[PDB]
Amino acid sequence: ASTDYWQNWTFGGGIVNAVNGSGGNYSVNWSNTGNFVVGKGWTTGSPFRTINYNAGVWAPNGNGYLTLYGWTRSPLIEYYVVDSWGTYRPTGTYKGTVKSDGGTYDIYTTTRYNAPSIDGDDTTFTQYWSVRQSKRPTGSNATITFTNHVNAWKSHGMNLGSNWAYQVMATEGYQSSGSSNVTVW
């Protein structure tokens, strides 16, 4: 069920040139940024969705993530399934591991205070992460069987909220430069 949502959020400086391409395709070119998340996906996330993507270009110069990105409310949770990165591999509080779609992921949790979210600039929420132990190869069709992550997270007491907000296959950058080109379906 193809993408219906376009994400293009920036903050803090630099240039983020994001193009909403044909179908599930988009491109990003960025320099000297603050923080940004750009991607395509779905207005309503599902714990049952298999996200398909192909990153034709993954070329961060510094810190960027190629990652599933999404939110629930009830309660407010920010989640990530990070398949690749640049110079910085994100982590948090280690819980365990999960294997999905040919990759082994470490599972982390982090509680964020006074932080920006889909609710506003100064909020509290928890983050759930699956981060691949090594960078996923790009340029070939990829799946993220998100249910495998939801199920593993649940087994370590990491339950998502019941009101689903957006769910995108994203390019995130923090204080970096780079290029990506990604198609999502």
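Numbers follow the displayed sequence, beginning with 1.
Asks: Averaged over C-alpha atoms, is the B-factor higher for 36-44 or for 112-120 in this PDB entry?
Replies: Mean C-alpha B-factor is greater for 112-120.
Asks: Higher mean Cα B-factor in the deposited model: 161-169 or 14-22?
Replies: Looking at the recorded C-alpha B-factors, 14-22 comes out higher on average.
Asks: Between 130, 29, 63, 141, which carries the biggest CA temperature factor in the record?
Replies: Reading the PDB entry, the winner on C-alpha B-factor is 29.
Asks: Please work out which residue in 72, 93, 84, 100 has the highest C-alpha B-factor recorded for this crystal structure.
Replies: In this record, 93 carries the highest C-alpha B-factor of the candidates.
Asks: Check where residue 126 lands among this chain's C-alpha B-factors and tell me if it's the lowest, middle or highest third.
Replies: Its C-alpha B-factor belongs to the highest third of this chain's values.
Asks: Give the position of residue 179 by CA B-factor within its chain, expressed as the lowest, middle or highest third.
Replies: Middle third, going by the recorded CA B-factors of the chain.
Asks: How does the C-alpha B factor of residue 49 compare with the rest of the chain: lowest, middle or highest third?
Replies: CA B-factor rank for residue 49: highest third.
Asks: Ranking every modelled residue in this chain by its Cα temperature factor as given in the entry, which third contains residue 136?
Replies: For residue 136, whose C-alpha B-factor we compare with every modelled residue in the chain, the answer is the lowest third.
Asks: Split into thirds by Cα B-factor across the chain's modelled residues, where does residue 155 land: lowest, middle or highest?
Replies: For residue 155, the deposited C-alpha B-factor lands in the highest third.
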